[PDB]
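Everything on this sheet refers to the single structure shown next.
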Amino acid sequence: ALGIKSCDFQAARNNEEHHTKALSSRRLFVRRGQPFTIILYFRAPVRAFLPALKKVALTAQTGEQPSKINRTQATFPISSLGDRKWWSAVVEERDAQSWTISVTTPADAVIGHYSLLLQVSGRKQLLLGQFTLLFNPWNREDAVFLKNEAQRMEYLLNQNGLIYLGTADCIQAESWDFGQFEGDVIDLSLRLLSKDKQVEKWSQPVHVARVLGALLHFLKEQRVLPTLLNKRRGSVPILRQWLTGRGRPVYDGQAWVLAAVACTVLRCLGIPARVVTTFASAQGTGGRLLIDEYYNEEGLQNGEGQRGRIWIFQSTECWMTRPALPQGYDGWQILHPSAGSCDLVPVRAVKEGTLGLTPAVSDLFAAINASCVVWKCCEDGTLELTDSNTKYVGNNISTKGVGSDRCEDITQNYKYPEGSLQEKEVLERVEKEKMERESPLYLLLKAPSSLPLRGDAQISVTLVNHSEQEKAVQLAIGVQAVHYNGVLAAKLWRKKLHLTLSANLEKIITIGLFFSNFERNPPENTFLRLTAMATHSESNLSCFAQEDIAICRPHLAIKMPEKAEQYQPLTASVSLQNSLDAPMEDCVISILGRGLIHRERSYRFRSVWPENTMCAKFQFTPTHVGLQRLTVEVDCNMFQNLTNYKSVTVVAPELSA
């Protein structure tokens, strides 16, 4: 007299209440520690409510071997005296034939796929349906709790990311589709997590982020190939290709996508995450605070590079409490893969040099605090020290701002101001702990931050003679192409000036930096390493200076209305001026964007001669309400993968009859 006809999980309503509406309207995705409502339908009318209520019990199971000691299986009754903090069910509305039941999960429940099962006394267990349980940044008792709604929207719900690339002095923001609410990302993430066998620890955000980071780094090492190859469409195709092997592989010039992929997996699981870019990052030192750079007599590097390099840019940051640490380390944690295992490092441990809190504090501290030493490499084979400009590491630590497409500088979270008292104290304490455990010429190099592609720049070299006697200096200037990770790509240009410097005189030399004078075109994704080396007389000391120059491509201007009505046609015009020296040939323009365009559309447009302007218009109809983003990519024979973006807020239609 108590048979069960069906069970409505009400996935649409619950997913909207549990901030999983972008995932699905059919499957139930709920966040732990928050009630969700199901409707239970009886085949026959229920005569007496209270005895029937006493007859029914609910069981929640996750995993292949669910048990109560693993906290993977919980049995609870349907009554108003259930523990709302724990697994509990209560009837909130009822009819003769249907019970509306509020079901609560504990704030520290194990995440993953769950089966909800109903037991009637003296009857077999019945499966009511499935649901997936995620971390809850909205729940104050949850370890991933975020104070601000804006921060929850940015670090969990926002699928349109910005990854900052380029150099410190020319930061190029790349539109990136995290796609954490793409339909299969949650399943892929949980299947990747199932490689770890300590499912009782899947309630802990620290353990999940540490496991996923080690697994994703292992997949990056297994799948990223040596070197369009550089055409990217966000984290989701990369994750699919890493887990399955099917799809376009990523090549080593874009190995920085690991941070974005990790951000996507964590955000999909419910852990707030952000992608952070650090410019001039000292990698591969093993905690050592010295970087050795080697240059030949022409201000150029002969080899591929040392193991310890200063990368032009290089991270995933995740938000959670740190219960197993001393107090005060809640908040932002850096996932750091070690070749392997993954350590979660609190950012303040890096800022305050708390080397010994976690095993990876030393390496993360060295990446943004090392000093570069430059050695001249002679034809004799001598390796000689150089008076060198200071090459600062850890510059312009950037991540996407909250609630806009702007760039937020977070460097002050990782480091005290240079030359300040606190930085002095931290560096002295770190150096002391490490120790216990174990000339007349001046060169000033002025360069532009960026060089227009197929364009011209002017560089300045200031030589000041401090001697009482005039000097015969040899000024070697070299331009070389470097990959983002400091790997030498191609020698481009070299000059050898011979100057006479008057005693006690400042001399300024201006040099034209021209693309057309380069011996070969810089490879794609590379940066210009400009060097100046001054040798005088027989002092054996060479003044040296270096700068990283970005390559600036033509600006892809997108003109679109700020507001747009859903289901009404919208026009976006795109303009691109050919500032290059050659016509743009084989020209393809692509448009995409979640909630604006299904997948993407590629178009061909006519060749654009130098000093001409392309102007393409596109009509499309937005179909999804909210803050959407249109991404436009332009390819030609002169350049490829030139992307820009623009945001449009899509409003619902005006209510009428």
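Every chain in the structure tokens takes a letter, A first, then B, and so on in the order presented; its residues are numbered from 1, and the ligands are numbered from 1 following the presented order.
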
Could you pull the residues within 7 Å of residue 477 (chain A), counting only C-alpha atoms, minus those fewer than 3 positions along the same chain, as a PyMOL selection string?
chain A and resi 298-299+494-496+531-533

Keeping only N, CA and C atoms, write those residues as a short mmCIF file (atom, residue, chain, number, x, y, z; two decimals), in the first residue's frame.
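See again.cif below for the written result:
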data_model
loop_
_atom_site.label_atom_id
_atom_site.label_comp_id
_atom_site.auth_asym_id
_atom_site.auth_seq_id
_atom_site.Cartn_x
_atom_site.Cartn_y
_atom_site.Cartn_z
N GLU A 298 78.94 38.33 -29.23
CA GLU A 298 77.98 39.12 -29.99
C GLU A 298 76.72 39.43 -29.20
N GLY A 299 76.70 39.16 -27.90
CA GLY A 299 75.49 39.34 -27.12
C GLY A 299 74.40 38.37 -27.52
N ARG A 494 72.39 41.22 -35.53
CA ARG A 494 73.56 41.55 -34.74
C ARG A 494 74.23 42.78 -35.34
N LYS A 495 74.80 43.60 -34.46
CA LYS A 495 75.56 44.77 -34.87
C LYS A 495 76.78 44.89 -33.98
N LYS A 496 77.88 45.38 -34.54
CA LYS A 496 79.11 45.58 -33.79
C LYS A 496 79.60 47.00 -34.06
N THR A 531 69.99 42.48 -26.65
CA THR A 531 71.15 42.54 -25.78
C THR A 531 72.12 43.61 -26.26
N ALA A 532 72.78 44.26 -25.31
CA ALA A 532 73.86 45.19 -25.59
C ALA A 532 75.05 44.84 -24.71
N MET A 533 76.21 44.62 -25.34
CA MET A 533 77.43 44.26 -24.63
C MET A 533 78.54 45.22 -25.03
#

Residues of region 348-394 of chain A at most 12 Å from region 441-452 of chain A: nearest atom pair and distance in Å, only C-alpha atoms, as a tab-separated table:
residue	atom	partner	partner_atom	distance
A:386	CA	A:443	CA	11.6
A:387	CA	A:442	CA	8.6
A:388	CA	A:443	CA	8.6
A:389	CA	A:444	CA	8.1
A:390	CA	A:444	CA	11.2

Write to file, as a short mmCIF file (atom, residue, chain, number, x, y, z; two decimals), in the first residue's frame, the residues of the selection just made, with C-alpha atoms.
data_model
loop_
_atom_site.label_atom_id
_atom_site.label_comp_id
_atom_site.auth_asym_id
_atom_site.auth_seq_id
_atom_site.Cartn_x
_atom_site.Cartn_y
_atom_site.Cartn_z
CA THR A 386 79.81 40.79 -16.73
CA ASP A 387 78.71 44.05 -15.13
CA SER A 388 75.01 43.62 -15.87
CA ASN A 389 71.74 45.47 -15.53
CA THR A 390 69.47 44.08 -12.81
#

Strand (DSSP E) positions in region 231-443 of chain A, given as a PyMOL selection string
chain A and resi 273-275+277-283+290-295+309-313+316-320+331-338+341-346+371-377+383-388+395-400+407-409+441-443

So that I can see what lies close to residue 164 (chain A), please list as a PyMOL selection string the residues with an atom at most 12 Å from it, counting only C-alpha atoms and leaving out residues fewer than 4 positions away in the same chain.
chain A and resi 168-176+256-257+259-260+274-279+312-315+396-401+405-409

What would the file look like if the residues just selected were written as a compact mmCIF listing (two decimals), in the first residue's frame with N, CA and C atoms?
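Saved to part_27.txt:
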# COMPACT_ATOMS: atom_id res chain seq x y z
N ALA A 168 56.13 41.40 -19.50
CA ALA A 168 55.69 42.22 -18.37
C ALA A 168 55.29 43.61 -18.83
N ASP A 169 56.05 44.19 -19.75
CA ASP A 169 55.82 45.54 -20.22
C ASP A 169 54.89 45.62 -21.42
N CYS A 170 54.47 44.48 -21.98
CA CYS A 170 53.43 44.44 -23.01
C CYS A 170 52.62 43.17 -22.75
N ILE A 171 51.57 43.30 -21.95
CA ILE A 171 50.77 42.15 -21.54
C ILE A 171 49.63 41.97 -22.54
N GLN A 172 49.58 40.80 -23.16
CA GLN A 172 48.59 40.47 -24.18
C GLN A 172 47.57 39.50 -23.60
N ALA A 173 46.34 39.97 -23.44
CA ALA A 173 45.26 39.18 -22.87
C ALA A 173 44.63 38.31 -23.95
N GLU A 174 44.62 37.00 -23.71
CA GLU A 174 44.02 36.04 -24.62
C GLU A 174 42.67 35.59 -24.07
N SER A 175 41.62 35.74 -24.88
CA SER A 175 40.33 35.18 -24.51
C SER A 175 40.42 33.67 -24.44
N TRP A 176 39.85 33.10 -23.38
CA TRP A 176 39.95 31.67 -23.13
C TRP A 176 38.61 31.16 -22.64
N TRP A 256 51.80 26.18 -21.42
CA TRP A 256 51.19 26.98 -20.37
C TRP A 256 49.69 26.75 -20.23
N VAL A 257 49.07 25.98 -21.12
CA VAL A 257 47.64 25.72 -21.02
C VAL A 257 47.30 24.80 -19.86
N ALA A 259 47.74 25.31 -16.72
CA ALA A 259 47.09 26.11 -15.68
C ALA A 259 45.62 26.33 -16.00
N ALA A 260 45.30 26.60 -17.27
CA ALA A 260 43.91 26.81 -17.66
C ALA A 260 43.09 25.52 -17.55
N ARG A 274 41.59 30.30 -10.20
CA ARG A 274 41.92 31.39 -11.16
C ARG A 274 43.24 31.05 -11.85
N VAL A 275 43.45 31.59 -13.04
CA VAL A 275 44.76 31.40 -13.73
C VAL A 275 45.59 32.66 -13.51
N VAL A 276 46.79 32.49 -13.03
CA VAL A 276 47.70 33.61 -12.72
C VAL A 276 48.89 33.53 -13.65
N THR A 277 49.28 34.63 -14.23
CA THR A 277 50.52 34.64 -15.05
C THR A 277 51.61 35.42 -14.31
N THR A 278 52.78 34.84 -14.20
CA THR A 278 53.95 35.50 -13.65
C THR A 278 54.95 35.75 -14.77
N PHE A 279 55.32 37.00 -14.97
CA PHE A 279 56.28 37.38 -16.00
C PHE A 279 57.68 37.40 -15.41
N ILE A 312 59.90 33.98 -19.96
CA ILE A 312 59.25 35.26 -20.25
C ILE A 312 57.94 35.37 -19.48
N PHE A 313 57.15 34.30 -19.47
CA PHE A 313 56.04 34.19 -18.55
C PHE A 313 55.87 32.73 -18.17
N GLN A 314 55.17 32.50 -17.07
CA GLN A 314 54.79 31.16 -16.67
C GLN A 314 53.37 31.14 -16.12
N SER A 315 50.38 29.46 -14.03
CA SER A 315 50.00 28.92 -12.69
C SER A 315 48.49 28.89 -12.38
N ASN A 396 54.64 41.84 -12.49
CA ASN A 396 53.30 42.05 -13.02
C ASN A 396 52.46 40.77 -12.95
N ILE A 397 52.45 40.17 -11.77
CA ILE A 397 51.70 38.94 -11.56
C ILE A 397 50.22 39.24 -11.77
N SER A 398 49.65 38.65 -12.82
CA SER A 398 48.38 39.09 -13.37
C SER A 398 47.36 37.97 -13.37
N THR A 399 46.10 38.37 -13.21
CA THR A 399 44.96 37.47 -13.33
C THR A 399 43.76 38.32 -13.70
N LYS A 400 42.72 37.67 -14.21
CA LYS A 400 41.53 38.40 -14.64
C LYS A 400 40.83 39.04 -13.45
N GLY A 401 40.41 40.29 -13.63
CA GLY A 401 39.74 40.99 -12.57
C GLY A 401 38.34 40.47 -12.31
N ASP A 405 36.42 42.62 -17.76
CA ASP A 405 37.49 42.09 -18.60
C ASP A 405 38.83 42.76 -18.32
N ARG A 406 38.95 43.48 -17.21
CA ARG A 406 40.17 44.19 -16.88
C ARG A 406 41.20 43.25 -16.26
N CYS A 407 42.44 43.72 -16.22
CA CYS A 407 43.54 42.95 -15.66
C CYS A 407 43.78 43.39 -14.22
N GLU A 408 43.88 42.43 -13.32
CA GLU A 408 44.18 42.70 -11.92
C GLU A 408 45.63 42.32 -11.65
N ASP A 409 46.37 43.27 -11.08
CA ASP A 409 47.76 42.97 -10.65
C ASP A 409 47.75 42.44 -9.22

From a DSSP pass on the backbone, collect the residues of region 29-260 of chain A flagged as alpha helix (DSSP H) and hand them back as an MDAnalysis selection string.
chainID A and resid 49:55 149:152 185:193 205:223 235:244 257:260

Go ahead and save the residues from that selection, with C-alpha atoms, as a short mmCIF file (atom, residue, chain, number, x, y, z; two decimals), in the first residue's frame.
data_model
loop_
_atom_site.label_atom_id
_atom_site.label_comp_id
_atom_site.auth_asym_id
_atom_site.auth_seq_id
_atom_site.Cartn_x
_atom_site.Cartn_y
_atom_site.Cartn_z
CA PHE A 49 0.84 9.73 6.54
CA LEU A 50 2.64 9.03 9.83
CA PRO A 51 2.99 5.20 9.68
CA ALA A 52 4.00 5.40 6.02
CA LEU A 53 6.56 8.01 7.04
CA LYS A 54 7.85 5.58 9.67
CA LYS A 55 8.10 2.86 6.99
CA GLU A 149 28.97 36.71 -4.59
CA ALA A 150 31.03 38.53 -7.23
CA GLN A 151 34.02 36.33 -6.45
CA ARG A 152 31.85 33.21 -6.67
CA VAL A 185 33.63 18.07 -18.27
CA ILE A 186 32.25 17.00 -14.87
CA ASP A 187 32.26 13.33 -15.92
CA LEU A 188 35.80 13.62 -17.31
CA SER A 189 36.98 15.30 -14.09
CA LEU A 190 35.42 12.67 -11.84
CA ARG A 191 36.78 9.84 -13.98
CA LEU A 192 40.24 11.39 -13.74
CA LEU A 193 39.78 11.68 -9.97
CA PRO A 205 39.28 20.10 -1.34
CA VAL A 206 43.03 20.06 -0.59
CA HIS A 207 43.36 16.36 -1.43
CA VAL A 208 41.24 16.69 -4.63
CA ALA A 209 43.18 19.70 -5.98
CA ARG A 210 46.49 17.94 -5.11
CA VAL A 211 45.40 14.71 -6.87
CA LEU A 212 43.93 16.44 -9.98
CA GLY A 213 47.06 18.68 -10.31
CA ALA A 214 49.44 15.69 -10.24
CA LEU A 215 47.27 13.82 -12.70
CA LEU A 216 46.89 16.78 -15.06
CA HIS A 217 50.62 17.47 -14.98
CA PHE A 218 51.27 13.81 -15.77
CA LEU A 219 48.84 14.05 -18.70
CA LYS A 220 50.56 17.25 -19.87
CA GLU A 221 53.92 15.46 -19.88
CA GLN A 222 52.42 12.48 -21.72
CA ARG A 223 50.35 14.35 -24.32
CA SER A 235 40.44 24.07 -22.04
CA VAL A 236 37.74 21.52 -22.93
CA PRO A 237 39.19 20.18 -26.23
CA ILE A 238 42.60 19.97 -24.54
CA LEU A 239 41.16 18.01 -21.60
CA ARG A 240 39.29 15.71 -23.99
CA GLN A 241 42.46 15.05 -26.00
CA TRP A 242 44.53 14.51 -22.85
CA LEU A 243 42.09 12.00 -21.38
CA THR A 244 41.09 10.22 -24.60
CA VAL A 257 47.64 25.72 -21.02
CA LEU A 258 48.05 23.32 -18.09
CA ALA A 259 47.09 26.11 -15.68
CA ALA A 260 43.91 26.81 -17.66
#

For each of A:425, A:232, A:618, A:283, take the minimum atom-to-atom distance to residue 572 (chain A), counting only C-alpha atoms, then give the residue where this is smallest.
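Using only C-alpha atoms, residue 572 (chain A) sits closest to A:618.
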
If we count only C-alpha atoms and set the cut-off at 6 Å, which residues sit around region 245-251 of chain A, ignoring sequence neighbours fewer than 6 positions away in its own chain? Please answer as a list in words.
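In the requested form, the answer reads residues 224, 225, 226 and 227 of chain A.
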
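One distance worth recording is that between CA of residue 9 (chain A) and CA of residue 598 (chain A), which is 29.1 Å.
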
Write out as a Markdown table the residues of region 387-448 of chain A that have any atom within 12 Å of an atom of region 327-337 of chain A, one row each with the nearest atom pair and its distance in Å to one decimal, counting only C-alpha atoms, sorted by chain and then rising number.
| residue | atom | partner | partner_atom | distance |
| --- | --- | --- | --- | --- |
| A:410 | CA | A:332 | CA | 11.3 |
| A:413 | CA | A:332 | CA | 9.6 |
| A:414 | CA | A:334 | CA | 10.7 |

Write to file, as a compact mmCIF listing (two decimals), in the first residue's frame, the residues of the selection just made, with N, CA, C and O atoms.
# COMPACT_ATOMS: atom_id res chain seq x y z
N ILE A 410 48.22 41.23 -9.01
CA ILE A 410 48.23 40.60 -7.66
C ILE A 410 49.66 40.43 -7.10
O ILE A 410 49.79 39.74 -6.12
N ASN A 413 50.53 40.26 -3.42
CA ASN A 413 50.17 39.08 -2.60
C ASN A 413 51.41 38.20 -2.51
O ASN A 413 51.54 37.48 -1.54
N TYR A 414 52.22 38.19 -3.54
CA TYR A 414 53.39 37.29 -3.60
C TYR A 414 54.70 37.93 -3.17
O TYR A 414 55.65 37.19 -2.97

Could you tell me how far CA of residue 83 (chain A) lies from CA of residue 121 (chain A), in Å and to one decimal?
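Interatomic distance here is 21.5 Å.
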
Suppose you want the space between CA of residue 95 (chain A) and CA of residue 132 (chain A); what is it in Å?
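Taking CA of residue 95 (chain A) and CA of residue 132 (chain A), their separation equals 28.0 Å.
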
Which residue gives the smallest distance to residue 144 (chain A) among A:289, A:199, A:38, A:269, with only C-alpha atoms counted?
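Ranked by minimum distance to residue 144 (chain A), first place goes to A:269.
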
Fewer than 6 positions away in the same chain doesn't count, so skip those; otherwise give me all residues within 7 Å of residue 534 (chain A), counting only C-alpha atoms, as a ChimeraX atom specification.
/A:473-476,542-544

Writer output for current selection, N, CA, C and O atoms, as a PDB file, in the first residue's frame:
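The result, stored in part.pdb:
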ATOM      1  N   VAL A 473      85.623  51.592 -27.049  1.00  0.00           N
ATOM      2  CA  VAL A 473      84.635  50.599 -26.655  1.00  0.00           C
ATOM      3  C   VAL A 473      84.169  49.849 -27.895  1.00  0.00           C
ATOM      4  O   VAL A 473      84.206  50.379 -29.011  1.00  0.00           O
ATOM      5  N   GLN A 474      83.771  48.599 -27.696  1.00  0.00           N
ATOM      6  CA  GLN A 474      83.177  47.763 -28.726  1.00  0.00           C
ATOM      7  C   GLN A 474      81.755  47.433 -28.290  1.00  0.00           C
ATOM      8  O   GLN A 474      81.557  46.646 -27.361  1.00  0.00           O
ATOM      9  N   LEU A 475      80.773  48.042 -28.946  1.00  0.00           N
ATOM     10  CA  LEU A 475      79.371  47.866 -28.590  1.00  0.00           C
ATOM     11  C   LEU A 475      78.758  46.790 -29.476  1.00  0.00           C
ATOM     12  O   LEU A 475      78.550  47.009 -30.673  1.00  0.00           O
ATOM     13  N   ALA A 476      78.473  45.632 -28.890  1.00  0.00           N
ATOM     14  CA  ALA A 476      77.831  44.528 -29.591  1.00  0.00           C
ATOM     15  C   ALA A 476      76.348  44.519 -29.256  1.00  0.00           C
ATOM     16  O   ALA A 476      75.974  44.450 -28.082  1.00  0.00           O
ATOM     17  N   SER A 542      82.871  43.297 -19.089  1.00  0.00           N
ATOM     18  CA  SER A 542      82.017  43.788 -20.175  1.00  0.00           C
ATOM     19  C   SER A 542      80.736  44.299 -19.548  1.00  0.00           C
ATOM     20  O   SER A 542      80.257  43.648 -18.623  1.00  0.00           O
ATOM     21  N   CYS A 543      80.328  45.507 -19.897  1.00  0.00           N
ATOM     22  CA  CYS A 543      79.002  45.985 -19.484  1.00  0.00           C
ATOM     23  C   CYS A 543      78.014  45.182 -20.331  1.00  0.00           C
ATOM     24  O   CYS A 543      78.340  44.924 -21.495  1.00  0.00           O
ATOM     25  N   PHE A 544      76.896  44.749 -19.772  1.00  0.00           N
ATOM     26  CA  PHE A 544      75.859  44.009 -20.523  1.00  0.00           C
ATOM     27  C   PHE A 544      74.488  44.516 -20.100  1.00  0.00           C
ATOM     28  O   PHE A 544      74.314  44.866 -18.946  1.00  0.00           O
TER      29      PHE A 544
END

Restricting the calculation to only C-alpha atoms, which member of A:59, A:579, A:98, A:139 is positioned closest to residue 71 (chain A)?
A:59
